[PDB]
């Protein structure tokens, strides 16, 4: 069987399989001791053990496979890759590895990976790295989004059209419905575009919210809580983007939605021993380089594939660190969507500033007929106040669909 | 035969090149090592292999011919220049050197240049440095700047005529078409003035547009993305100004277009910690960004170096506005972009009342100046949106000088 499989087995059934297979009562033993014992009894016959994991290469050289459901956390069931195995196949961080593991020796609780069978869901010999892929304006295909929750999807597609490979910065003041808005986008994106793999990341997010994201966001949900150290927040972030980079190289569309790029930057600030040590806005100037790489990784590939990251920076938090990080991240993102607090005080759920919301290179993302519709919307909203414009666009969009809303407003 | 040529040749032919030269199994090898293996085995005879690059002499002395295709970046395609080569030809920062290279031997990991054939596109010892040659007001010859693209270019010649040696400061708020204007000037530069070599440089620009800019602008376009540290932004900038300085020393006019002098300044304050903050920026840090801008000068001894930089304003960070306030009054060119004008979807989006260049009298013929004064008088009472609407419907009926006859009717 597969090692990842034995963990998915409930402990009650897993013992029953083991008892007939030559074990004693392992109810006393831990779940992992049951896993280790199972491999030990199967070592009687050739080619019995299999495994799956995501490659992570540590500083020293060697590496451990990481499970994505556990958020690439660390533990005793992770599989060891030799420094030769990595170089032999020229394996790269984020490569999905499916290899035969050998039974561990005695005294060593690390499972040795003997040979790898599949790399990136493909044969052992397989390309292009994202740093070498060509980068267009990433406005070639557009990501499209009656119910009450689609109202946010209707306004979002009209206010700031997201595209394949586009870096979205959704700036959110506190208590603006940031979490619900990202959730309504996440489920709707997966429905409209099943080809795109959703990879939501939560950084410095409360443990209450991670469970909701597990239940309502319909894709790989990797997260980091404040209960985990700052080194943990950065570790989960690089693993996800590096894996996403490997999938665009294999012409697979992946979309990632980050809950707090601002807090991700603070985590890099604490790991870097302040290289610059001169800009005194609370963050090390050269240290905000590493958060910028995360934001810079999102790119449409001409050669095939799409990486689109729509992250949310927090503003008006009262802490200079979060405000300084936003100001350095201003102008790097081509999508800008401001979640005004004042509108949220009026209890309309979208709480979007339509006048400040806009996308760069909207002409490649939008059809000329729709662009002509969008410009008309801008004409009424430029004089209109943002608090009262938003109420205007939801009651009328509740009665018809986007295109049909324009079909009856032609009088 | 030349390293730069093997860089441009596709990999499929490179496999045939190595196989015909006696090497085996070459498709598996990497792109640079396939180049290296071809170059290394070509060492059967001397004077066969060549290379090209722009000189960078680091704080220690070791010079490297960095390739311009990657925007003077670093990596294994760099050519090593010895500290001895420096004194022989008196090499200076920015010197473009094209010499025969030898492949490295064991114990050295970079390519060595044997002898230099051309220095600054001329003989090996063909000097006078830009730091002291005479500098007039730089208004002796004008860079003149019929289609939709000529409508955008026409207003600049009427509002603020760019000339040879002029320090350009065009203030551009966000979402005002800053990039579209910068490409339109660059496009107009190559056709009307191919004699001057155009060198648009982008600092802290997103990688999406860098590919756009290189394809639509017809010249070497060096840029640096924000995904790179602040030390990267300073390195690419120093190369451009010094390379431009050395080419003006050889009686060639060079024009460089900075997409954000503000972000170039943001890089310098963050890298320098020599030891006073006036608005969050270190005061002594603004000299080196000023050194970049101050280099644009017409030389009496021959040549003109034109830096037309674009300052960013009202970005929401007090820091970016402070860079403008200290660079205020240093720039000879003023072309003021406006957010409200671009928001009303009128295409040019220039503020004519405040847009103007100093010493228009040396730049313009006496016939043209009189048109300039009356046009200033007609639009000086007019507001901001109403000036451009005035200058776009009327410019649709005739081109450049012929507009004066439609205004005197």
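We did not get these values from a lab; they are worked out from the coordinates using the rules stated. Here the Cβ positions follow ideal geometry from the backbone for every residue, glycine too, while neighbour counts run over all protein chains shown.
Segment B:1-116 holds helices (runs of 4 or more DSSP H) entirely within its bounds, and those carrying 2 or more residues that are within 29 Å of the chain's Cα centre (by Cα) and under 30 Å from residue B:130 (Cβ atoms) map to B:3-8, B:83-89.
Among the residues of segment B:186-197, is there at least one that is farther than 20 Å from residue A:283 by Cα and within 12 Å of chain A (Cβ to nearest Cβ)? No.
Selection of segment A:275-319 for residues being part of a helix (DSSP H, G or I) and at the interface with another protein chain (Cβ under 9 Å from one of its Cβ atoms) yields A:286, A:289, A:292, A:293, A:295, A:296. Does residue A:381 satisfy being within 24 Å of residue B:266 (Cβ to Cβ), in contact with a helix residue (DSSP H, G or I) (Cβ under 7 Å, 6 or more places away or on another chain) and within 14 Å of another protein chain (Cβ to nearest Cβ)? Taking the combined requirement at face value, the residue does not satisfy it.
Going by the conditions given, is residue B:347 within 26 Å of residue B:179 (Cβ to Cβ) and away from chain A (no Cβ under 14 Å)? No; evaluated as a whole, the condition is false for this residue.
Within segment A:48-60, the set of residues being farther than 25 Å from residue A:244 by Cβ and touching a strand residue (DSSP E or B) at 6+ places or on another chain (Cβ under 7 Å) comprises A:49, A:50.
Residue count for segment A:41-60 satisfying the condition of being surrounded by 14 or more Cβ atoms within 10 Å (Cβ to Cβ) and within 30 Å of residue A:232 (Cα to Cα): 8.
Does residue B:201 meet the test of being over 28 Å from residue B:397 (Cα atoms), surrounded by fewer than 23 Cβ atoms within 10 Å (Cβ to Cβ) and away from every other protein chain (no Cβ under 13 Å)? For residue B:201, the condition - over 28 Å from residue B:397 (Cα atoms), surrounded by fewer than 23 Cβ atoms within 10 Å (Cβ to Cβ) and away from every other protein chain (no Cβ under 13 Å) - is not met. Restricting segment A:137-149 to residues that are over 20 Å from the mean Cα position of the chain (by Cα) and crowded, with 19+ Cβ neighbours inside 10 Å leaves a set whose member that is nearest to the other protein chains (Cβ to nearest Cβ) is A:137.
How many of the residues making up segment B:371-385 are surrounded by 12 or more Cβ atoms within 10 Å (Cβ to Cβ) and part of a helix (DSSP H, G or I)? Total satisfying the criteria: 9.
When segment A:110-136 is examined, which residues are found to be exposed (fewer than 13 other Cβ atoms within 10 Å of the Cβ), within 14 Å of chain B (Cβ to nearest Cβ) and closer than 16 Å to residue A:253 by Cα? A:129, A:134 - these are the residues of segment A:110-136 that are exposed (fewer than 13 other Cβ atoms within 10 Å of the Cβ), within 14 Å of chain B (Cβ to nearest Cβ) and closer than 16 Å to residue A:253 by Cα.
Exactly one residue among A:255, A:261, A:325, A:309 is buried (at least 24 other Cβ atoms within 10 Å of the Cβ), more than 19 Å from the chain's Cα centre (by Cα) and under 18 Å from residue A:202 (Cα atoms), and that residue is A:325. Screening segment A:12-40 for residues that are in contact with a helix residue (DSSP H, G or I) (Cβ under 8 Å, 6 or more places away or on another chain) and surrounded by fewer than 14 Cβ atoms within 10 Å (Cβ to Cβ) and picking the one that is nearest to residue A:66 (Cα to Cα) gives A:27. Going through (1) part of a loop (DSSP other than H, G, I, E, B); (2) closer than 30 Å to residue B:251 by Cβ one by one, residue B:398 falls short only on (2). Note on segment A:322-339: among residues that are away from every other protein chain (no Cβ under 13 Å) and out of contact with any helix residue (DSSP H, G or I) (no Cβ under 6 Å at 6 or more places or on another chain), the one that is nearest to residue A:285 (Cα to Cα) is A:337.
Can you work out which of the residues in segment B:166-179 that are in contact with a helix residue (DSSP H, G or I) (Cβ under 8 Å, 6 or more places away or on another chain) and within 14 Å of chain A (Cβ to nearest Cβ) is surrounded by the most Cβ atoms within 10 Å (Cβ to Cβ)?
This residue is B:172.
Has segment B:216-227 got any residue that is over 23 Å from residue B:138 (Cβ atoms), surrounded by fewer than 23 Cβ atoms within 10 Å (Cβ to Cβ) and within 11 Å of chain A (Cβ to nearest Cβ)?
To start, the set of residues in segment B:216-227 that are over 23 Å from residue B:138 (Cβ atoms) comprises B:216-218, B:220-227.
If we keep only those that are surrounded by fewer than 23 Cβ atoms within 10 Å (Cβ to Cβ) too, we end up with B:216-218, B:220-221, B:223, B:225, B:227.
Restricting the remaining residues to those that are within 11 Å of chain A (Cβ to nearest Cβ) gives B:225, B:227.
Looking through segment B:216-227, at least one residue is over 23 Å from residue B:138 (Cβ atoms), surrounded by fewer than 23 Cβ atoms within 10 Å (Cβ to Cβ) and within 11 Å of chain A (Cβ to nearest Cβ).
Does any residue of segment B:339-347 turn out to be surrounded by fewer than 16 Cβ atoms within 10 Å (Cβ to Cβ), touching a strand residue (DSSP E or B) at 6+ places or on another chain (Cβ under 8 Å) and within 26 Å of residue B:263 (Cβ to Cβ)? No, there is no match, as no residue in segment B:339-347 is surrounded by fewer than 16 Cβ atoms within 10 Å (Cβ to Cβ), touching a strand residue (DSSP E or B) at 6+ places or on another chain (Cβ under 8 Å) and within 26 Å of residue B:263 (Cβ to Cβ).
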